[PDB]
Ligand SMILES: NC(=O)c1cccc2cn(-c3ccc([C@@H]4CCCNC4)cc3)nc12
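The data below hold one chain only, encoded as structure tokens and taken in the form deposited without this ligand.
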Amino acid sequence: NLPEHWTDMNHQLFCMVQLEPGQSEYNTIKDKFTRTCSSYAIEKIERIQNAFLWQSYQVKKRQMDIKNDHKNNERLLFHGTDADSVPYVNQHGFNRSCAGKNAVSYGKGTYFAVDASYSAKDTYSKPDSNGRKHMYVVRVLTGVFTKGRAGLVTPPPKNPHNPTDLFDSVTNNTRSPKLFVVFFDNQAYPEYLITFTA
């Protein structure tokens, strides 16, 4: 099911592909980033081609598309991370068990930002020994969501008398969402890695 615009990977399962400025693919990511992070400068943007993460993510997307009633289930969001975590995320994706406590907690899961400026905080995208910061652009299955709460280890039930029928994700604010939290593996696909500097 691998997208036909991916580079041939030669029976390999994983590749990072460096994008070229001037191509729509690079430019649209650069614009979405500079919308809120105009003070930073992009070193490079890599497309993440991970066959196994993509398959598991696309199965979860198909299931959420079946379960929800013609919803836009998927948002393109940002995730800042430290250099030490990039090889793990590239290969294995986002693991809630490794997640940091966010300054404002809406549950114990993986946090994704609407605005690059949030992900660009040194607390999330820690500068490496060479001053480089790292941010993923991520396809996230936000689905149907509600305002979260610090206590959550899964999304809350839509109905308290049906505890197993869950919201797909939670947010800080349902009228103006600026962050989303997901609580399951393969609910987020790391699509691009932005390397950037002051």
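Numbering starts at 1 and follows the sequence shown. Rigid core (definition): largest C-alpha set, two forms, superposition within 1.5 Å. Residues that one form lacks are left out of the comparison.
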**Entries skipping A99: at least a third of other ones** = yes
**Asked** Where do the C-alpha atoms have the higher mean temperature factor in this entry, in 134-142 or in 22-30?
**Response** 22-30
**Message:** Test of understanding: from the entry's C-alpha B-factors, which stretch has the higher mean, 166-174 or 35-43?
**Reply:** 35-43
**Message:** Split into thirds by Cα B-factor across the chain's modelled residues, where does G107 land: lowest, middle or highest?
**Reply:** lowest
**Request:** Could you say whether, by C-alpha temperature factor, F184 belongs to the lowest, middle or highest third of its chain?
**Result:** middle
**Message:** Considering every modelled residue of the chain and its Cα B-factor in the PDB entry, is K71 in the lowest, middle or highest third?
**Reply:** highest
**Asked** Taking the C-alpha B-factors as the PDB entry records them, is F78 in the lowest, middle or highest third of its chain?
**Response** lowest
**Asked** Lowest, middle or highest third: where is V114 by C-alpha B factor in its chain?
**Response** lowest
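The discussion below concerns the form solved in complex with this ligand, not included here.
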**Message:** Once this ligand is overlaid from its position in the deposited bound form by fitting the nearby C-alphas, are 3 or more of its atoms within 2.4 Å of backbone or C-beta here, so blocked, or is the site open?
**Reply:** blocked
**Request:** Determine whether any heavy atom of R75 comes within 4.5 Å of a heavy atom of this ligand in the deposited bound form, and answer yes or no.
**Result:** no
**Prompt:** With a 4.5 Å heavy atom cut-off, would you call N90 a contact of this ligand in the deposited bound form?
**Reply:** no
**Message:** Residue-level contact is defined here as any heavy atom of the residue lying within 4.5 Å of this ligand in the deposited bound form; does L179 satisfy this criterion?
**Reply:** yes
**Prompt:** Though the partner is not shown here, which residues of 68-83 have a heavy atom within 4.5 Å of this ligand in the deposited bound form?
**Reply:** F78, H79, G80
**Request:** Go through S117, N102, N73, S85 and flag the only one whose CA is off by 2 Å or more between the shown form and the other one, rigid core held fixed.
**Result:** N102
**Request:** Looking in the deposited bound form, decide if the C-alpha atoms of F94 and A99 are closer or farther than in the form shown; they differ by 3 Å or more.
**Result:** farther
**Prompt:** Out of closer and farther, which fits the Cα atoms of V104 and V153 in the deposited bound form compared with this form, where the change is 3 Å or more?
**Reply:** closer
**Message:** Where the Cα shift reaches 2 Å or more for at least three residues in a row, which ranges qualify between the shown form and the other one on a rigid core fit?
**Reply:** 99-104
